[PDB]
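Notes for the one structure printed next.
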Amino acid sequence: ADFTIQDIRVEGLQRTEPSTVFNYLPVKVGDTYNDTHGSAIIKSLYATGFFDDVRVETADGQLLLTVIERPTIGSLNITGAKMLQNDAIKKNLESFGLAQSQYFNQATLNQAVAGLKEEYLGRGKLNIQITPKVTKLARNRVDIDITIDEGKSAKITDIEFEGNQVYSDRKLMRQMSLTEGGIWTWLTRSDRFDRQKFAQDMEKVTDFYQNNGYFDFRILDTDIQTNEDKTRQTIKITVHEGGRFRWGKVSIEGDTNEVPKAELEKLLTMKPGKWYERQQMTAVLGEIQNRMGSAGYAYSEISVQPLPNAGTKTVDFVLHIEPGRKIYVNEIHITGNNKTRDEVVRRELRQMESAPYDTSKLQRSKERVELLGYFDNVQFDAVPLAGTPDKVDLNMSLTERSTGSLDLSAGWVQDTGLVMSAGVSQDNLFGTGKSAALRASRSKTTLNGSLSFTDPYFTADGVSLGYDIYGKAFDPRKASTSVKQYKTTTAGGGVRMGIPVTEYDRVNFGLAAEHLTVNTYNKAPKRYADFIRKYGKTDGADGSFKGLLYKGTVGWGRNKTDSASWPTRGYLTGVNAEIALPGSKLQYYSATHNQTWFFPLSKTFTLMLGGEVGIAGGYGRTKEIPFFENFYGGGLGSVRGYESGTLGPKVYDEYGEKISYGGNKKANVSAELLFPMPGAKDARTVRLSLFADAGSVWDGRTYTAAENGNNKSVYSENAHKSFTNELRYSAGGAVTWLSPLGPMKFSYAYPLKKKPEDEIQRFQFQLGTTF
């Protein structure tokens with residue numbers, strides 16, 4: 001019969017609100033209910049899926065919905081689980097979900113598991129058993145435990161190529177990486193069958209055969225057999241070899257754009273040289289896409305269409321270039337700052353903001369950032385903004401230093417010989433966020449090594465804490481030229497704290513104890529004795545000092561400079577003080593100051609201007625800072641064109657040798673004109689100079705003889721140049737190149753005011769590590 005509904009009662013839910021229904025319903029109170037309403041209403045409530053089963057009961061004017069609802073999920077446990085990890089498949093499972101309480105259902109489950117099974121079938125595991133067990137627990141909810149048993153794995157026995165006929169089954173088999181049973185595959189695992197891997201393998205087996213000239217060449221069938229236990233796997237690959245043939249030409253079709261059909265001259269390079277290599281092709285389209293897209297054209301899909309002159313049998317194509325719009329860059333973002341400053345990277349690089357996108361001006365920025373060695377790779381991702389065209393955002397992904405490492409560094413110091421280093425570090429071991437590293441260097445002269453432990457973060461705004469223990473053996477004997485006849489050796493250790501005050505200014509401290517061992521040997525210069533004489537013992541013949549120094553350290557520096565590689569304007573600065581403190585033997589101090597100002601006269605031409613000033617005394621129980629701690633001079637560090645150390649007071653020793661003391665005061669100043677290669681005119685991987693430097697290193701002491709044998713001709717020579725005398729000048733020009741080994745400085749200087757007593761190196765240089 002029929003009906004007119006005088007009131008409804010939903011009995012079942014608990015809980016889920018009803019009105020959240022009494023509003024779902026096709027009826028109301030007082031509508032006429034018939035039949036169709038009865039099935040349609042349930043079929044309506046079954047969707048939205050809050051219920052496992054409904055039922056519709058019509059009695060004496062009343063409408064009774066009896067609903068069973070549906071459970072929810074208390075927890076889910078996936079445990080096989082080896083070849084891939086549990087919580088990853090549970091994460092991938094809640095993607096359908098199945099998450100906390102999540103309105104459960106079995107269709108979803110059956111297909112989540114069906115998904116798993118195709119994952120495992122995708123990778124090695126051919127047999128596999130993924131067994132859901134779903135237990136209704138309480139009160140309204142349910143708990144799913146997926147339990148896995150993974151199938152060992154399937155391993156390729158044979159790989160067969162049916163039809164070739166041009167190429168060797170062995171060759172082809174070598175083009176793809178996955179393979180039959182090998183003598184070496186336990187490690188490897190090259191026959192751990194894999195789906196995607198086999199996809200790539202067919203891809204390679206294609207590129208080769210394409211880059212080899214054969215157009216056509218379809219792969220027709222791929223037959224993967226197996227056996228009981230699903231362990232051993234044959235693989236059979238059927239193939240149609242191509243023409244081979246043949247190059248036609250050519251360029252165009254289009255297209256009107258800020259760049260011309262001029263491109264087709266250079267960028268089209270290939271000759272109708274017979275065999276067509278798809279490699280060359282995609283490389284050329286690359287070249288095109290790159291020359292397009294600077295100016296603005298990011299997209300600009302190009303469509304090659306083939307012409308089969310076959311029956312010749314040749315093939316030639318035409319590329320239909322279909323650029324579009326243009327793009328401006330709007331904002332620019334940056335990936336990881338751990339151990340680096342996202343501040344500084346954002347500066348040196350081309351492009352930047354609200355500017356027509358250009359490729360070449362991007363990958364020139366990825367050359368720069370990467371030439372700083374800060375990051376071990378870079379990529380450029382373009383996010384086509386918000387929903388408006390001709391505008392794009394940009395975020396460059398950076399990855400750096402790959403925490404923990406081996407380091408191997410070779411270098412060349414001019415006069416000395418080969419240098420080289422090694423080190424290994426680990427950043428944040430192990431979850432402590434504390435760093436530790438062990439480094440050592442060896443040159444004909446110096447042996448150097450240290451062990452250092454640093455808390456990079458010791459304060460919230462990074463404030464460094466460090467400790468290191470080292471030794472240094474410096475044997476200025478050996479080597480070609482000569483600084484003294486002596487050797488000193490230090491073993492010591494210290495505390496250091498860096499303080500990043502502003503984003504320019506860095507202050508740092510340190511305290512240390514060194515155990516100094518000096519050796520005067522000789523027969524050798526006066527001043528070395530009179531040191532041993534006052535401060536040290538004598539076995540000789542030879543002579544030796546021993547004792548320990550307690551040393552304070554202060555540093556500082558400001559860098560306001562437009563770039564790291566290739567600066568223009570800004571300025572550098574530094575201030576540095578060392579003091580051997582009360583309780584040391586010895587007890588001297590040292591200070592210093594740096595300025596480098598740069599100036600941007602032109603776009604090409606940058607004037608660098610700067611100099612260094614330094615002061616070293618001695619105090620208290622010891623006047624006269626030693627001389628193995630002394631300022632030295634000449635060379636690229638101070639005045640190019642002179643030899644290194646040569647600047648300052650010098651005296652002859654026996655064996656007809658001229659050595660140099662150096663001295664307790666330092667002055668240096670320079671002028672540079674820097675500019676790129678002869679264009680370029682902006683771009684620099686290399687930079688050129690013309691310099692004029694005047695340094696001086698003095699003493700304020702007076703010199704007569706001193707062995708046989710006086711080297712000046714007079715007797716005074718004094719020391720001066722602040723009364724102002726001992727100092728040298730020069731000018732000349734320099735290549736500072738950044739190789740892909742190290743920086744490499746060269747230079748050629750004309751010394752001006754050259755005395756006879758003056759030791760002089762016209763051409764100086766130094767290559768790479770340890771400047």
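By order of appearance in the structure tokens: chains A, B, ..., then residues from 1 within every chain, and ligands from 1 in the order shown.
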
(request) Identify, on the basis of only C-alpha atoms, every residue whose closest approach to residue 31 (chain A) does not exceed 12 Å; exclude the query and any residue fewer than 6 positions from it along the same chain; express the result as JSON, numbers by chain. (result) {"A": [2, 3, 4, 5, 6, 7, 8, 25, 37, 61, 62, 63]}

(request) Have a look at CA of residue 740 (chain A) and CA of residue 572 (chain A) and let me know their distance in Å, one decimal. (result)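 If I compute the distance from CA of residue 740 (chain A) to CA of residue 572 (chain A), I get 25.8 Å.
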
(message) Taking 3 positions as the minimum chain separation for residues in the same chain, which residues sit within 8 Å of region 374-377 of chain A when counting only C-alpha atoms? Answer as a list in words.
(response)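 Listed by chain and then number, they are residues 340, 369, 370, 371, 398, 399, 400, 401 and 402 of chain A.
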
(request) Write out as a PyMOL selection string each polymer residue whose atoms come within 9 Å of residue 599 (chain A), counting only C-alpha atoms; drop sequence neighbours fewer than 6 positions from it. (result) chain A and resi 568-571+605-609

Near residue 578 (chain A), within 9 Å and counting only C-alpha atoms, which residues show up once chain neighbours fewer than 6 positions away are dropped, as a CSV table (one decimal) with C-alpha atoms, in the first residue's frame?
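Saved result, out-v2.csv, follows:
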```
chain,number,residue,atom,x,y,z
A,551,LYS,CA,98.9,32.0,24.4
A,552,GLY,CA,95.8,34.2,24.2
A,553,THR,CA,94.3,34.9,20.8
A,554,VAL,CA,92.0,37.6,19.5
A,555,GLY,CA,90.5,38.1,16.0
A,588,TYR,CA,105.9,38.4,23.5
A,589,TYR,CA,102.9,39.8,21.7
A,590,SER,CA,101.7,40.4,18.0
A,591,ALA,CA,99.1,42.6,16.5
```

In region 178-235 of chain A, DSSP strand (DSSP E) residues written as a short mmCIF file (atom, residue, chain, number, x, y, z; two decimals) with C-alpha atoms, in the first residue's frame:
```cif
data_model
loop_
_atom_site.label_atom_id
_atom_site.label_comp_id
_atom_site.auth_asym_id
_atom_site.auth_seq_id
_atom_site.Cartn_x
_atom_site.Cartn_y
_atom_site.Cartn_z
CA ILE A 219 60.58 -3.58 -29.14
CA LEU A 220 57.68 -5.92 -29.90
CA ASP A 221 57.38 -8.52 -27.16
CA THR A 222 58.78 -8.91 -23.66
CA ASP A 223 58.27 -12.43 -22.36
CA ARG A 232 64.34 -18.50 -11.55
CA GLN A 233 63.11 -16.16 -14.30
#
```

(request) Run DSSP on the backbone of this structure and report the residues of region 352-543 of chain A it assigns to alpha helix (DSSP H), as a list in words. (result)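 Secondary structure check on region 352-543 of chain A, alpha helix (DSSP H): residues 360, 361, 362, 363, 365, 366, 367, 368, 369, 370, 371, 532, 533, 534 and 535 of chain A.
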
File of the preceding selection, N, CA, C and O atoms, as a PDB file, in the first residue's frame:
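New file part.pdb:
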```pdb
ATOM      1  N   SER A 360      70.451  30.661 -19.799  1.00  0.00           N
ATOM      2  CA  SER A 360      71.892  30.885 -19.754  1.00  0.00           C
ATOM      3  C   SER A 360      72.292  31.752 -18.549  1.00  0.00           C
ATOM      4  O   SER A 360      73.354  31.562 -17.972  1.00  0.00           O
ATOM      5  N   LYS A 361      71.417  32.669 -18.146  1.00  0.00           N
ATOM      6  CA  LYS A 361      71.678  33.523 -16.991  1.00  0.00           C
ATOM      7  C   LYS A 361      71.336  32.833 -15.674  1.00  0.00           C
ATOM      8  O   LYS A 361      71.617  33.351 -14.599  1.00  0.00           O
ATOM      9  N   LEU A 362      70.732  31.655 -15.767  1.00  0.00           N
ATOM     10  CA  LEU A 362      70.516  30.800 -14.601  1.00  0.00           C
ATOM     11  C   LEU A 362      71.716  29.905 -14.389  1.00  0.00           C
ATOM     12  O   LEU A 362      72.386  29.986 -13.373  1.00  0.00           O
ATOM     13  N   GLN A 363      71.988  29.050 -15.366  1.00  0.00           N
ATOM     14  CA  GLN A 363      73.059  28.072 -15.247  1.00  0.00           C
ATOM     15  C   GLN A 363      74.417  28.738 -15.123  1.00  0.00           C
ATOM     16  O   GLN A 363      75.413  28.062 -14.871  1.00  0.00           O
ATOM     17  N   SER A 365      74.498  31.107 -12.825  1.00  0.00           N
ATOM     18  CA  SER A 365      74.415  31.248 -11.381  1.00  0.00           C
ATOM     19  C   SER A 365      74.672  29.921 -10.683  1.00  0.00           C
ATOM     20  O   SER A 365      75.145  29.891  -9.550  1.00  0.00           O
ATOM     21  N   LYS A 366      74.352  28.822 -11.359  1.00  0.00           N
ATOM     22  CA  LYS A 366      74.608  27.492 -10.811  1.00  0.00           C
ATOM     23  C   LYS A 366      76.071  27.120 -11.010  1.00  0.00           C
ATOM     24  O   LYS A 366      76.566  26.185 -10.383  1.00  0.00           O
ATOM     25  N   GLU A 367      76.759  27.838 -11.896  1.00  0.00           N
ATOM     26  CA  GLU A 367      78.204  27.679 -12.012  1.00  0.00           C
ATOM     27  C   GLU A 367      78.897  28.394 -10.836  1.00  0.00           C
ATOM     28  O   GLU A 367      79.767  27.818 -10.189  1.00  0.00           O
ATOM     29  N   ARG A 368      78.479  29.629 -10.552  1.00  0.00           N
ATOM     30  CA  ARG A 368      79.005  30.412  -9.427  1.00  0.00           C
ATOM     31  C   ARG A 368      78.819  29.731  -8.078  1.00  0.00           C
ATOM     32  O   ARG A 368      79.786  29.379  -7.421  1.00  0.00           O
ATOM     33  N   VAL A 369      77.577  29.548  -7.667  1.00  0.00           N
ATOM     34  CA  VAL A 369      77.293  28.919  -6.387  1.00  0.00           C
ATOM     35  C   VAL A 369      78.098  27.638  -6.179  1.00  0.00           C
ATOM     36  O   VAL A 369      78.581  27.366  -5.076  1.00  0.00           O
ATOM     37  N   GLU A 370      78.246  26.867  -7.250  1.00  0.00           N
ATOM     38  CA  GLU A 370      78.961  25.602  -7.194  1.00  0.00           C
ATOM     39  C   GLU A 370      80.473  25.770  -7.224  1.00  0.00           C
ATOM     40  O   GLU A 370      81.196  24.883  -6.789  1.00  0.00           O
ATOM     41  N   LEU A 371      80.953  26.904  -7.723  1.00  0.00           N
ATOM     42  CA  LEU A 371      82.397  27.142  -7.778  1.00  0.00           C
ATOM     43  C   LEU A 371      82.920  27.634  -6.427  1.00  0.00           C
ATOM     44  O   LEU A 371      84.125  27.854  -6.255  1.00  0.00           O
ATOM     45  N   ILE A 532     119.437  31.454  22.156  1.00  0.00           N
ATOM     46  CA  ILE A 532     119.831  30.275  22.900  1.00  0.00           C
ATOM     47  C   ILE A 532     120.680  30.711  24.063  1.00  0.00           C
ATOM     48  O   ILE A 532     120.450  30.247  25.180  1.00  0.00           O
ATOM     49  N   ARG A 533     121.621  31.627  23.805  1.00  0.00           N
ATOM     50  CA  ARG A 533     122.509  32.142  24.847  1.00  0.00           C
ATOM     51  C   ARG A 533     121.765  32.615  26.090  1.00  0.00           C
ATOM     52  O   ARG A 533     122.095  32.207  27.212  1.00  0.00           O
ATOM     53  N   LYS A 534     120.764  33.467  25.903  1.00  0.00           N
ATOM     54  CA  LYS A 534     119.972  33.909  27.041  1.00  0.00           C
ATOM     55  C   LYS A 534     118.926  32.886  27.520  1.00  0.00           C
ATOM     56  O   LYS A 534     118.790  32.650  28.724  1.00  0.00           O
ATOM     57  N   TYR A 535     118.162  32.324  26.587  1.00  0.00           N
ATOM     58  CA  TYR A 535     116.999  31.516  26.963  1.00  0.00           C
ATOM     59  C   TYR A 535     117.108  29.997  26.974  1.00  0.00           C
ATOM     60  O   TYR A 535     116.187  29.319  27.434  1.00  0.00           O
TER      61      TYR A 535
END
```

Surrounding residues of region 678-683 of chain A excluding itself and chain neighbours under 6 positions, 9 Å, only C-alpha atoms, as a PDB file with N, CA, C and O atoms, in the first residue's frame:
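Result written to out.pdb:
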```pdb
ATOM      1  N   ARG A 364      74.468  30.052 -15.322  1.00  0.00           N
ATOM      2  CA  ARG A 364      75.654  30.817 -14.941  1.00  0.00           C
ATOM      3  C   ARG A 364      75.672  31.098 -13.440  1.00  0.00           C
ATOM      4  O   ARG A 364      76.727  31.334 -12.857  1.00  0.00           O
ATOM      5  N   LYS A 603      81.789  48.759 -15.178  1.00  0.00           N
ATOM      6  CA  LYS A 603      81.226  47.423 -14.992  1.00  0.00           C
ATOM      7  C   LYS A 603      82.343  46.386 -15.123  1.00  0.00           C
ATOM      8  O   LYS A 603      82.376  45.385 -14.396  1.00  0.00           O
ATOM      9  N   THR A 604      83.262  46.651 -16.051  1.00  0.00           N
ATOM     10  CA  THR A 604      84.419  45.785 -16.286  1.00  0.00           C
ATOM     11  C   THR A 604      85.499  45.986 -15.219  1.00  0.00           C
ATOM     12  O   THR A 604      86.100  45.025 -14.742  1.00  0.00           O
TER      13      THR A 604
END
```

(request) Kindly give the distance, in Å, that separates CA of residue 445 (chain A) and CA of residue 769 (chain A), rounded to a single decimal. (result)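 So the two atoms, CA of residue 445 (chain A) and CA of residue 769 (chain A), lie 15.2 Å apart.
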
Taking 6 positions as the minimum chain separation for residues in the same chain, which residues sit within 9 Å of residue 285 (chain A) when counting only C-alpha atoms? Answer as a PDB file with C-alpha atoms, in the first residue's frame.
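Result file follows (part11.pdb):
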```pdb
ATOM      1  CA  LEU A 267      73.023  25.052 -33.549  1.00  0.00           C
ATOM      2  CA  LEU A 268      71.929  22.646 -36.308  1.00  0.00           C
ATOM      3  CA  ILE A 302      59.407  21.842 -30.023  1.00  0.00           C
TER       4      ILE A 302
END
```
